[PDB]
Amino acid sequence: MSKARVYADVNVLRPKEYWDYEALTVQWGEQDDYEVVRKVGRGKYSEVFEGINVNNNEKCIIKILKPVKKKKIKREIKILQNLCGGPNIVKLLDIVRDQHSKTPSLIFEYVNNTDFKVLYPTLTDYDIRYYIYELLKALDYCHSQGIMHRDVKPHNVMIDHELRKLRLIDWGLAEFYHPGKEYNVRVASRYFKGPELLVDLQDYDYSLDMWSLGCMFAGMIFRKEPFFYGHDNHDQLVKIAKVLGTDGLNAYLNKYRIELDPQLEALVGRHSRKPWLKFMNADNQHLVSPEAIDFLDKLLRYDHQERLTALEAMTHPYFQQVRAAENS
């Protein structure tokens, strides 16, 4: 029986309307209010376009949804509404639908993002500390609001490097946290899935996002995108084991009385733990400070209960300069 070490009773103490997203009655706006300029992205659940609000002539992002169940769509919407206004949380501006097809679109604020594949390599030591701190503000906020993002990855972190503005986007996989509830482990993305998902531990919590965050952080400081380059879910777990070592994995599995599928156990095998410094090189040396390593190490732990919470992460000495600059 696992539960979150923080914010566990958030949804318990709030009115049922807050988390009972299926009781949501969607209020639709006018679909002609937003004109499509051009496609900018996509997902297996939608098509994303740069658009313009015909009212104020301001930019916006139009996320057109592919056939999706009523329940699933109400969840994303409710979550977006519950979080609207929080630190660095993407803003849902409108909700429209095509009358004939019933194709729904979610209208969001626009961010002049730069492909992380091109942006990250240019980020300075301080830039990394800065943006990660900004992302942390978003995570602690949603967690404090009883919500797990469940899909943290560079692709869901929009960044306008010029304005140094950051937004955590796409809450399509997010869920409300309820103590003891068993969730679907088919969430998050390849490379960023936490061990709990890879070993089928369903009663996970906000800590899942902290593993994803750690993967992101590791890729940034080590200049290796992605950090854990695995193919399928079994392989993804093996890639983690060859770094963190199988001892931690075994201890982890034992603590939660989890038994791996025979085939998987065979693939994982036996591996020793590889120090984080083994990943340092002339390409990333100017980023692998001991503080960076200490922070990373406290994020990438098999045991989700051992990981730093977002609140704790923000106070780590690694961010001391970012904070000092903010508290002034």
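In this text, rigid core is short for the largest set of C-alphas that superpose within 1.5 Å between two forms. In case it trips you up, residue 1 is the first one in the sequence shown, and so on.
Structural divergence in 4 other deposited structures of this protein between 186-194 and 206-214: following superposition by the core, 186-194 has C-alpha atoms lying farther from the shown form.
Per-stretch RMS Cα distance to the displayed form in 4 other deposited structures of this protein, following rigid core alignment, is highest for 36-44 when 285-293 and 36-44 are compared. With 284-292 and 62-70 compared on mean CA B-factor from the PDB entry, the stretch scoring higher is 284-292. Across the two stretches, 114-122 and 166-174, the PDB entry reports the greater mean Cα temperature factor for 114-122. Of the candidates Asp303, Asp297, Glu50, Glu265, the deposited coordinates give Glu265 the top C-alpha B factor. By the numbers in the PDB entry, the CA B factor is greatest at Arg223 among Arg75, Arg223, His161, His149.
Residue-level temperature factors show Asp94 in the middle third of its chain, judged at the C-alpha atom. Looking at the C-alpha B-factors along this chain, the one for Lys181 belongs to the middle third. The deposited CA B-factor of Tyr256 belongs to the highest third of values across its chain. Ranked by C-alpha B-factor against the other modelled residues of its chain, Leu83 falls in the middle third. The entry lists a Cα temperature factor for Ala23 that places it in the highest third of the chain's modelled residues.
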